[PDB]
Structure formats: C-alpha cells, structure tokens
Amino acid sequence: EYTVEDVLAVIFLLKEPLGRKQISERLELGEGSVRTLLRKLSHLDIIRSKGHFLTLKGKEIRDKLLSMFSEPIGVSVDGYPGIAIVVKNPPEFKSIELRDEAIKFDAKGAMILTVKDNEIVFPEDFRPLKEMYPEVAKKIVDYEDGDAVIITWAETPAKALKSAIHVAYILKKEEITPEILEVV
C-alpha cells in the first residue's frame, strides 16, 4: 500500500512539521496508505506527532539522504509541474533507460543530465540544459562536476516528485540506509 519511494518522499517532505492530510495531498496517496506509513514511521521512532516531525533518528536519516541528493526543487517543464534532484557522485547510467523508468512511475517526461565544467549538460553531446530550459536550469542548485541531475515532469507535482525519487532510488539503491528499507 506504500513504496520505498513513498518513504523517501515523506522524509524529504518533513523538513518542516506536517499534518497527515497535507502529506496525503502532496504524495497523492490513499488515507489508509498514509496512515499506515506514518504509523510505521512512528513505531520505528523516525517521526513523532504533535503535525508530524522527524525525531533525532529521522533527522540523522534525512541528513544522510541530503549527503547523496540535493533538496528536491519544484520546476516547470513545457507548462507541466516538475521536480529536479541532484544525485551526488552517481554511478554511470543510461539516461534513456532512466527516463523510461520515470515514465513507468507516471512521469510525462524526464531528463537525466550530468555536470561538466560546472554546467548542467546533456550526456551525449554535453550541450547545456539552459539553452533549452533557462528557467529550470536557474532554479537548480547544490551540484558539482560529475553529479547527475534528474528532472521529471508530470500532470501533478506528486507524480513528478514520486517519479524523480524513483530515478534517484535506482541510481543510489545500494547506498540507501537499511533504516529506510526497514519501513517497507
């Protein structure tokens, strides 16, 4: 009823204390699913209530996530809501494969870029992103040479968020803490 991507999303979202209905809207998850997810997080001492906030364990987990990812940021691509996530020291990847996985997770589209000479570039020809999407590129921060930059877009912000996290998870699967995997 919930996925590792939902667990990761909640931890990203809880940078600020949030109520259960706000979480439901931003994840686009059922009430039963959100309730169960938040209860598991509570049992595991990852969150506490009275909105929900991260415990010391939950904060250590989030800090660890932010060591391998940037804060997800809202963008707009061709008029659709999108999300950009920087993946720090990524393995090598095939952008087209990751795009296809993002669309399977309900993205309308995706770009997976790299960073060269401190600019976000397309991986084949190394042309800058900002030539095609200047407003998107300008919003993306917290990257360095060699990092990957996931950009998804979708019909809703929740679908953009979920699909971007799915791509992030593929790239960093082996590095995701067992404490997070324990939630599923």
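Throughout, we count residues from 1 along the sequence that is shown.
On average the C-alpha atoms of 25-33 have higher B-factors than those of the other stretch, with 25-33 and 128-136 being the two compared. The deposited model assigns a higher average Cα B-factor to 116-124 than to the other stretch when 37-45 and 116-124 are compared. When the modelled residues of the chain are ordered by C-alpha B-factor, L54 sits in the highest third.
Residue-level temperature factors show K173 in the highest third of its chain, judged at the C-alpha atom.
The deposited CA B-factor of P81 belongs to the middle third of values across its chain. Sort the modelled residues of the chain by CA B factor and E144 lands in the highest third. In the deposited entry, the Cα temperature factor of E101 places it in the lowest third of its chain's modelled residues.
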